[PDB]
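What follows is a single structure, written as structure tokens, with notes after it.
All chains are named by letter (A, B, ...) in the order of the sequence lines, taking the proteins before the strands, and each is independently numbered beginning at 1. Just so you know, these numbers use all the heavy atoms, side chains as well, and skip hydrogens, waters and symmetry mates.
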Amino acid sequence: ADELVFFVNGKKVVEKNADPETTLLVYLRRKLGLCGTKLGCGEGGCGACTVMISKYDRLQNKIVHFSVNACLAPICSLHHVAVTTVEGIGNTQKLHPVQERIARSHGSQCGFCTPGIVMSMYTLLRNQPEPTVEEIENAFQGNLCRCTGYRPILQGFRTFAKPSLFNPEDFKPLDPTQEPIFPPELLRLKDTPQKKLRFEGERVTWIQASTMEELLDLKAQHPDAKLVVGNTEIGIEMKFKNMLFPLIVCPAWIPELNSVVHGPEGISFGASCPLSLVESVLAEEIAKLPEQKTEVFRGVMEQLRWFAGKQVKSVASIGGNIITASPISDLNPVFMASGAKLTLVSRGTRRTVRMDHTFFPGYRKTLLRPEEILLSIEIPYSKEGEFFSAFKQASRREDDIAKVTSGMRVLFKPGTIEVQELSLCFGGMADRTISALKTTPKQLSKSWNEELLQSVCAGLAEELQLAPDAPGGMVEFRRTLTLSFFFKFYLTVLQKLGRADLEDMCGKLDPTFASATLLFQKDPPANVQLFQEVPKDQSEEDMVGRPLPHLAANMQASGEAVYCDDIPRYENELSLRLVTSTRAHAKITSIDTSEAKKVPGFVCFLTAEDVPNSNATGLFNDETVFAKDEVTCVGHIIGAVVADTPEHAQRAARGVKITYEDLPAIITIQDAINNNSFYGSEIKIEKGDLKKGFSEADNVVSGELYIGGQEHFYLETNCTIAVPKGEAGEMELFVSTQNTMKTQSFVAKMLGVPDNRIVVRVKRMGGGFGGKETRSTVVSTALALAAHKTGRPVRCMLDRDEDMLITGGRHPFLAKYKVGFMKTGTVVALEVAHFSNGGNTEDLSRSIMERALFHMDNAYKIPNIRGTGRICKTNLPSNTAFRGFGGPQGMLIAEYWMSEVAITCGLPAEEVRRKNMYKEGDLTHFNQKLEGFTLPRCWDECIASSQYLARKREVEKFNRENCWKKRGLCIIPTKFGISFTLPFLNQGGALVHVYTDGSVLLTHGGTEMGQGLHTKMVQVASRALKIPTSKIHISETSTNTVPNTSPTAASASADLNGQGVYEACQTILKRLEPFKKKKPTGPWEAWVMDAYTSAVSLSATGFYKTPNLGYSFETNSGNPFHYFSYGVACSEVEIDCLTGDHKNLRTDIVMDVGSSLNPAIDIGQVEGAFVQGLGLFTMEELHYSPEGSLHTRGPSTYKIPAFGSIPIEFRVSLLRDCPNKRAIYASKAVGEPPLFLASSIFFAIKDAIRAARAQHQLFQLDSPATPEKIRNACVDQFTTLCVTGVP
Amino acid sequence: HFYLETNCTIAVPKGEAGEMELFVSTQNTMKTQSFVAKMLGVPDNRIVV
Ligand SMILES: Cc1cc2nc3c(=O)[nH]c(=O)nc-3n(C[C@H](O)[C@H](O)[C@H](O)COP(=O)(O)OP(=O)(O)OC[C@H]3O[C@@H](n4cnc5c(N)ncnc54)[C@H](O)[C@@H]3O)c2cc1C
Ligand SMILES: O=c1[nH]c(=O)c2[nH]c(=O)[nH]c2[nH]1
Ligand code: FES
Ligand code: FES
């Protein structure tokens, strides 16, 4: 047959024309309208699309439940399953316990990741109603959150395992009998045989094979037929590498491919067995068998720990990993090292082979005949005297791709330490899984000793060569890991020989080496959140300073919260796809749309010619709407395809052929320096006498620092819907933007209509972080144009790869410093030259450099100082605002030379920082006076609560007692100036209505992006009006309610909009006063109705401007900032000197947020900002080709912090008794200032590296301090052999 | 009356907090809002006409 039949939230779906290219995510959202399930990446790395599948498993004979990525699940694989989405488990009328707890524990900020995380936790509970803490963490290996810093999610969910921010005693208990029935029809159908099915789409035919005979017959007659089991590789090939397999066969149903059989030599798994099943089977075997027999099983398990997450492992098959034959397979090295036995079949044939180097003859090839399939793999029992290790080092532990991965096996002659067999196999060192076949033969009959160690390392260094040009780079690191992994195996086998009672023959392990061989384990988290209770006397209805949950948290947990692309399509709505430059700098010689036009549903291709009025856009009017004559970066938008559906728009975009003639490209900061290519002139702040300071200085240190940029990775990408109204040029846009005003202005200028025709509406964003302050408009303008031209609504949401390529990021910085200082650590002179890479338009680049210069002091009084900045103009995507806006880059440079001062003086870093710190009343280098300077309080509190001094003693002891792991510890302060650097942007407006039922509709210029701005404004309005928050509502942000709004940026939006709201409320109260006087007790509703029937206006605007701002670079005078934020963080790390991996052991933060408007939201901002900083300085790296093409375009390669990344002990205190009388209700801004405090981790790492270097001098550590950079800096016997040589 | 356009309403539920937006051929936005809000039992502030 040919109908596809499945269930969704208990409702039967019958699809009569299933297309094999249709994903479950698209089917749920676009066909069924269930938009709780989100698109975050389309490549399995984010979990935002997580749903649960239930089925009756014929082989285990029972109902099973597992999680999947809907973005990679073909609907054609789902016949006779039952899907559950976030909508299926609960809603705001009756929240599931999972939904309730994540909301109430402040686990949801922007909300875009919340459904997927809910479904991960929900699936766990359906499988294990009483999970462990570890099981809970493990449920989320495949889920990302960019806002929360993960802490609150795990803390809320810990309640399921085994003053306060939330109260777990009010959480309703779980009743598992109340979960949805497994669809009774499906149980009835488990008693009918499966028949073969065929589904035909636009391009692809899918056969769901029911028997082995059908599969073999098919592959005999049609060897082209592409096997799909999990689709976790094929889905990537199709979506990202434009590969089309017109015939697909799915064999998942076939019993022989799903069998597990225990044999004498090992356990045989059907090739279609999911990795989840391999894991559960091997775990039971390992628990029950002798250790001597499970060495290989434990190797596989160790790799599967770090293999994707639960969603991928539920459907990814063991045979699929093998045949995919990726160079970076984590399993094939283990299978090759252990000689695992593979059975291959075709119609009428059967052969068995042992995986060895022959199995993989070439890039992504096996020795399978085209008509052959893999039936089974036998993973072997280990023998007496046979030992096994497996290793993986990546950029991040959880859900990442191996840089190097390995399986290692040794067999000893019985009763000896003499080698009978030795196998070292590697991924990530060639275009296939390889064996070190030259090195290992030579060690046969040798004893396991130092000479074998040295011989194998010399062999590996020669045998596993990498060309300077090898894909992925990091050749020194990768080579170093092969030797380092072998060292670990060498030491591990010594220990294993030990436990076999042969310690006399091979050494005992030196106890300072034992930590080298430990398998990773973190430890259960311990968290502390400290904040100040409001006064005893405060009304219970006054929520200012109380930890009120985000007003939309319940709806976010339930998937009812509406983001742009969740808005239903009009019946006549069209889809837009942007077409971008594949050259960094080139002339457009021609455009050929001939193939585009043949795609069904194609409407038109828009280019510069179609722009009605002006093609000049961007904040400084130096950008094109659409390229004209030349392209100036890879990612430069040339045009936009308009089609009926996003699929057809994508296909048509591929048929737009562009011909180019290259022009000289300027890529790097050095390129731009050499070509004098800059945005405007040098910016400079200077004070005192540099000549004099350097002459007075006992010591002078010079150096440079490079700081990599950063992708925002808002979980919701850029999105616009433009709705033309058909009259008078009127158009309404629904946009994920922090900047309604510029969106409106830019659309209006492009169309050539007045601003009064264009309305921009923002309900909420799934994150922004500065990325949607300006760069959102490159989508909005294109969609507006399409809508105008067609007279039809048009929509575009970027795919993650498009968004990462087009919209830019944080500015990379290169700095050259020279610092003068006394032997006491007192700094007397500093000169810093900053360079940033701005890319191909000015955008905010100059203002970012100004803030970096304003923060080049960090917390330190420096009497003689000079900083300069230059913004490089390059052929790269334009970089823009990212939370911190140049602050983090400025301050990291300051801390970097400060670290070298302390080292050079031989004084404790904390004493050097402390004695250079500003004091109350000092002037900054830009002559602003520091009043209400709480930094010393933050410092003293942090030093004391973190027990910094005693912890220094423990770090020193650890470092003396361990050779191959080291700890480091650092405490870092910060000062962060609050207000836009452009004075007039420090303004905000509100509009309030009171309706005659007493209910209040509030709006302001600020946009909700997960920071809890609307929540705070409601708290504010409720205090100002003296009514419960329940009577006040904010529905959205719009240009036609509050005009001329600044972007929601500069951490200032609650300050500005708070005042605006407060003033609007004061006007209403003034009007109600006479009614209050006449009816002093009679309720609010009676005053309102009395005012109304007296014809008194119940609508008011409110407005605020920050007073007394305006700095001059010419005179180094005037205040850029209204006040400053302050905080301190102390962090401890433990590095792996052999791999570059590290654990974040503990972080303690004390943050001055004034009198917090909402301590729950403010702690959440501290934690979220801190963890983005942690990413910036230690994990997140973008790579570009020499020709300026971004390689890094999804979560597979761009590694943001994961649940497993965060400090194990994570303590956050908000400073007590520090009212800030010049912001709303004595609060301070919080969004950006905490981010730089994650430098504490960077400097703790730097400390640990210094200890490692003393073990095996102002060494260079650039940002980010990734495993590559950490490992490479830990110079030893192994790095020496890999960088050039001398054996 | 024989208005050439008869009575007509489009009601668009927003799925959040009882929020609803109505496109109406009416001389009386206020009473439309009131009457909808009262029928549903939500505050006036959720209902836009
Ligand atoms: C987010 C993410 C993270 C990942 N992480 C990792 C990781 O850490 N390590 C790792 O090694 N991989 C990783 N992968 C790769 C992928 O998950 C594995 O390769 C998985 O095992 C592929 O299995 P599948 O059943 O989904 O294969 P499919 O995609 O269905 O098929 C893959 C290939 O195998 C073929 N095939 C399948 N079964 C057979 C058979 N019996 N005989 C012949 N050919 C067959 C198909 O024709 C196809 O060529 C990751 C993928 C994703 C999306
Ligand atoms: O001074 C600032 N101006 C901005 O426009 C902005 N944007 C941002 O994210 N931070 C800041 N800071
Ligand atoms: S959208 Fe499916 S994993 Fe990201
Ligand atoms: S709350 Fe998790 S991505 Fe925003």
Any residue of residues 42-49 of chain B which, by heavy atoms, sits under 4.5 Å from chain A: B:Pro43, B:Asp44, B:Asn45, B:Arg46
Salt bridge (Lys or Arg N to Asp or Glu O under 4.0 Å) evaluation trace for B:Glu21 with A:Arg761: CA-CA 14 Å; B:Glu21 167 194 65; A:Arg761 297 171 66 176; 3.4 Å; yes
For chain B, which residues of residues 551-565 of chain A have heavy atoms nearer than 4.5 angstrom: A:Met555, A:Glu560, A:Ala561, A:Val562
Crowding at CZ, A:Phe1075 (>12 non-hydrogen neighbours, <6.0 Å): yes
Best-contacting candidate, B:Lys38, B:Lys14, B:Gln33, against chain A by heavy atom pairs under 4.5 angstrom: B:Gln33
Part of residues 1021-1041 of chain A lying next to chain B, heavy-atom separation under 4.5 Å: A:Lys1031, A:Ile1032, A:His1033, A:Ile1034, A:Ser1035
Contact winner vs chain B - A:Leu1002, A:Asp997, A:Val1000, heavy-atom pairs under 4.5 Å: A:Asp997
List the atom pairs, with distances to 0.1 Å, where a side-chain N or O of residues 989-996 of chain A and a protein N or O form a donor-acceptor pair under 3.5 Å, not counting sequence neighbours.
| from | atom 1 | to | atom 2 | distance (Å) |
| --- | --- | --- | --- | --- |
| A:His993 | ND1 | A:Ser1099 | OG | 2.8 |

Proximity breakdown for B:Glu16 and chain A, heavy-atom pairs closer than 4.5 Å: both
Which portion of B:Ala37 sits near chain A, non-hydrogen atoms under 4.5 angstrom: neither
